[PDB]
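Student: Protein chains in written order, with our numbering: chain A, 2 to 92; chain B, 132 to 505; chain C, 1056 to 1152.
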Amino acid sequence: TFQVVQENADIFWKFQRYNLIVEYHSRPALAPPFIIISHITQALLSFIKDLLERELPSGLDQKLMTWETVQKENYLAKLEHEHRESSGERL
Amino acid sequence: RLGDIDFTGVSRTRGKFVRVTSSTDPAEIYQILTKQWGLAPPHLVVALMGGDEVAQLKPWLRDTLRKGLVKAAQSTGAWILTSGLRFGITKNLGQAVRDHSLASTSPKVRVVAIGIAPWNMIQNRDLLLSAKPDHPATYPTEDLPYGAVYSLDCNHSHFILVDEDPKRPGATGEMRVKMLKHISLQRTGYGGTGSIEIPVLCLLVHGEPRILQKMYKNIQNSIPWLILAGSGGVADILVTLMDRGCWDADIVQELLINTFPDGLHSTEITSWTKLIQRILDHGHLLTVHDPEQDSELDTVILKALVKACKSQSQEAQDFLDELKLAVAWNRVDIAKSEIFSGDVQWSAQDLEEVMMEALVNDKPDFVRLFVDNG
Amino acid sequence: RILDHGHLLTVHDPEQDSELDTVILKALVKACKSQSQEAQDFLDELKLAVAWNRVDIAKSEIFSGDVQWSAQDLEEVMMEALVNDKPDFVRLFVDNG
Ligand SMILES: [Ca+2]
Ligand SMILES: [Ca+2]
């Protein structure tokens, strides 16, 4: 078991780090007991009145989509060029 | 006549233009292009000829051509000359240039799609006639069939609209040839205390017998031509004639009739045959790009420009722009085989600027080659 | 006279060819080419090429510059290549209109 996990230790820890950072990014800034103040403030703000998952303007969104399409085309072209110069393909 | 265009449609694109007459000096238009619009002297000019016929390119051929042209032009500052009307291969080339511009994170080098279009072929030209300096003319984008009148391509940044000539109705081709020749005679400043020419190439895709006069005019102006192998029209005629190796009147007329049934006129076919005969007779200014075989447009472009320069002169100062293109495209083998052969004599002072360019741009093979060559 | 025709005759050498579908498709395509240039006459040869996964033969002969292919001419063979899981022919049909 130790050998199997240790082979992929980097990936497992990076997933763990993602989960922990996401968990503490969405937490109120106050630690319990004090978190009661944050809860009361949030409830009051809801009654009286993001870094991730953000919505983009249409022009910027289209520019990003075209940029990613160009990157994908370059990646596929490099893959094709690598395939052509391989030993088996040359043979 | 300097006006800006606000393109309404899919994306808010801006475009400048200048109305010109058939008798205008190409020097004034180049001056306007450089200073009045801020376009730096380009390091490569590719002029798109043909592609306006009803017989369009196959999607694989069209995509390969546009992608290869844009990627070859992305290394340095290149101008792509088209008939800036939203139709045919011009529209797709504009789309590819647009896509590269959106995806480019380096605005230092720019690919500019400059259009040279007839004023009698622009849809809603009176709409853009206003061209107020404070208020750019609003121009709607309309996709239209083959027809006879198109709209300016929104993806072309700059336009050169040429009015019809009362004497002869061929002002557009003459203006294109004059601009290409004037650009080819230009000499931009290079680095420090140096100047370089601007490489000019013509790309032909599915020509019609009508542009043969302009093609021969450009050939006479020592401007190299590049021909798409499977383009569809005159391009197949030219590539087949080169494949045979010999061109005679009988074979020329046979191919011309076979690929163009509609053309049936003794004097006209004789003129076309003679034009083609002279075009092939030049030969050194013509090259074939077969995407099945070559599939690397930068290599073919560099080979064509080097062949034209070799047939032109033997001085090293004339090979400097071809060398710059070779450095930018990492074509060390072509440079060694052709540019740095025994035919051309290279001095140490001639290679200082390209040595700096290879050093700054991380081209160790060219650094080694320049050390090897003096 | 039989040899004088020529375009309608083909040789299958199992030592050299050893793939009967390839030779059959080449013979049928040669006969169709010598017959006519319309794309509607190449539809059955194209169907056989799709069924036999002979993408190279189709590209070399059927989809050359000699024969003009329209988008509506390729709809049925596009469906056949899609349903029968022939991605190479799907790519070829996209490439050809
Ligand atoms: Ca030169
Ligand atoms: Ca048939």
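The beta carbon of each residue, even a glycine, is placed where N, CA and C say it ideally should be.
Which residues share a DSSP beta bridge with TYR281(B)?
Tutor: DSSP output for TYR281(B) lists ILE253(B) as bridge partner(s).
Student: Pull up the distance between the alpha-carbon of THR401(B) and that of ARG341(B), whole angstroms please.
Tutor: Approximately 13 Å, taken between the alpha carbons.
Student: Bridge partners for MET180(B) per DSSP, in chain order?
Tutor: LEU335(B)
Student: Taking the alpha carbon of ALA158(B) as the point to measure from, which residue in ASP464(B), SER315(B), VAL502(B) and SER326(B) has its own alpha carbon closest?
Tutor: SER315(B)
Student: Quick check on the burial criterion: 16 or more other C-beta atoms within 10 angstroms. Buried or exposed for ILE329(B)?
Tutor: Counting of Cβ neighbours within 10 angstroms places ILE329(B) among the buried residues, the total reaching 16 or more.
Student: Kindly indicate which residue of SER237(B), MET180(B), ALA171(B) and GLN187(B) has the alpha-carbon position closest to the one of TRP210(B).
Tutor: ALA171(B)
Student: Return the residue from the list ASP1068(C), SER1125(C), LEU1064(C) and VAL1105(C) that minimises the CA-CA distance to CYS1087(C).
Tutor: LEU1064(C)
Student: Helix, strand or coil for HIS313(B) per DSSP?
Tutor: In the three-state scheme derived from DSSP, where H, G and I count as helix and E and B as strand, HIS313(B) is classed as helix.
Student: Are the region 273 to 292 of chain B and the region 237 to 254 of chain B in contact at 8 Å, needing three or more beta carbon pairs?
Tutor: yes
Student: Is it buried or exposed, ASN349(B), if we count other Cβ atoms within 10 angstroms and call 16 or more buried?
Tutor: Under this definition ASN349(B) is a buried residue.
Student: Rounded to whole angstroms, what's the CA-CA distance from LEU179(B) to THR236(B)? Just pull it up for me.
Tutor: 26 Å
Student: Only counting the same chain, and skipping five residues up and downstream in sequence, which positions put a Cβ closer than 7 Å to that of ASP493(B)?
Tutor: none
Student: Under 8 Å: do the region 1113 to 1122 of chain C and the region 1140 to 1150 of chain C share three or more Cβ pairs, one atom per stretch?
Tutor: Touching, per the Cβ criterion.
Student: Under 7 Å Cβ to Cβ from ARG409(B), same chain only, skipping five residues before and after it: list those, please.
Tutor: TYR347
Student: Between which two residues does the beta strand (DSSP E) holding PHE290(B) run?
Tutor: That run of the beta strand (DSSP E) goes 289 to 293.
Student: Taking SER142(B) as the query, report the chain A residues whose CB atoms sit under 8 Å from its CB, ordered along the chain.
Tutor: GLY60 and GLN63
Student: Tell me which residues share the same chain as residue 119(B) and place their Cβ nearer than 7 Å to its Cβ, disregarding the 5 neighbours each side in the sequence.
Tutor: In the structure as shown, chain B begins at 132 and stops at 505. Residue 119(B) is therefore absent and cannot be evaluated.
Student: Label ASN20(A) either buried or exposed according to how many other C-beta atoms from any shown protein chain fall within 10 Å of its C-beta, with 16 as the threshold for buried.
Tutor: Looking at its Cβ environment, which holds fewer than 16 other Cβ atoms inside 10 Å, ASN20(A) is exposed.
Student: Where does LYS1141(C) fall in DSSP's three states?
Tutor: In this structure, DSSP gives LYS1141(C) a state outside helix and strand, which the three-state scheme calls coil.
Student: Between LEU335(B) and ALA435(B), is the Cβ-Cβ spacing less than 8 Å?
Tutor: no
Student: Which residues, taken in chain order from the region 180 to 197 of chain B, show a beta carbon closer than 7 Å to some beta carbon of chain C?
Tutor: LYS189, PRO190 and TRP191
Student: What are the uninterrupted segments assigned as alpha helix (DSSP H) that are 4 or more residues long and contained completely in the region 371 to 404 of chain B, given in chain order?
Tutor: 380 to 390
Student: Within 10 angstroms of its Cβ, does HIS337(B) collect 16 or more other Cβ (buried), or is it exposed?
Tutor: buried
Student: Restricting to runs no shorter than 4 residues, where is the alpha helix (DSSP H) found entirely within the region 412 to 491 of chain B?
Tutor: 428 to 443, 451 to 460 and 483 to 491
Student: Report all residues from its chain with a CB closer than 8 Å to the CB of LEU433(B); omit the five preceding and five following residues, and keep chain order.
Tutor: So the qualifying residues of the chain are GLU453, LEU456, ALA457, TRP460, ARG462 and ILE465.
Student: Short of 8 Å in beta carbon distance, which residues of its chain neighbour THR139(B), apart from the five on each side in sequence? Order them along the chain.
Tutor: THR269, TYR270, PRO271 and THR272
Student: Measuring straight from C-alpha to C-alpha, what distance separates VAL280(B) and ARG307(B)?
Tutor: 19 Å
Student: Decide if the region 319 to 329 of chain B is in contact with the region 297 to 307 of chain B; the criterion is three or more beta carbon pairs, one per stretch, under 8 Å apart.
Tutor: Contact check between the region 319 to 329 of chain B and the region 297 to 307 of chain B: fewer than three CB pairs, one atom from each, fall below 8 Å, which does not count as touching.
Student: So which residues of chain A does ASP230(B) contact, with C-beta pairs closer than 8 Å?
Tutor: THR67, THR70 and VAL71
Student: Name the chain B residues whose beta carbon is nearer than 8 Å to that of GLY1120(C)?
Tutor: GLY361, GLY363 and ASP367
Student: What did DSSP end up calling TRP356(B) once you bin it into helix, strand or coil?
Tutor: Reduced to three states, the DSSP call for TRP356(B) is strand.
Student: What is the DSSP secondary structure of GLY323(B), counted as helix, strand or coil?
Tutor: coil
Student: Taking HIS313(B) as the reference, give the member of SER478(B), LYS147(B) and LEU164(B) with the closest Cα.
Tutor: Among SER478(B), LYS147(B) and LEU164(B), the Cα nearest to that of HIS313(B) is on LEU164(B).
Student: At the level of alpha carbons, what is the spacing between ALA78(A) and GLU427(B)?
Tutor: 12 Å
Student: Cβ of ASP1099(C) within 7 Å of any heavy atom in ligand 2?
Tutor: Yes, the Cβ of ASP1099(C) comes within 7 Å of a heavy atom of ligand 2.
Student: Whose Cβ in chain B lies nearer than 7 Å to the Cβ of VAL1110(C)?
Tutor: Those do not exist, as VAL1110(C) stays about 13 Å from chain B at its closest Cβ, beyond 7 Å.
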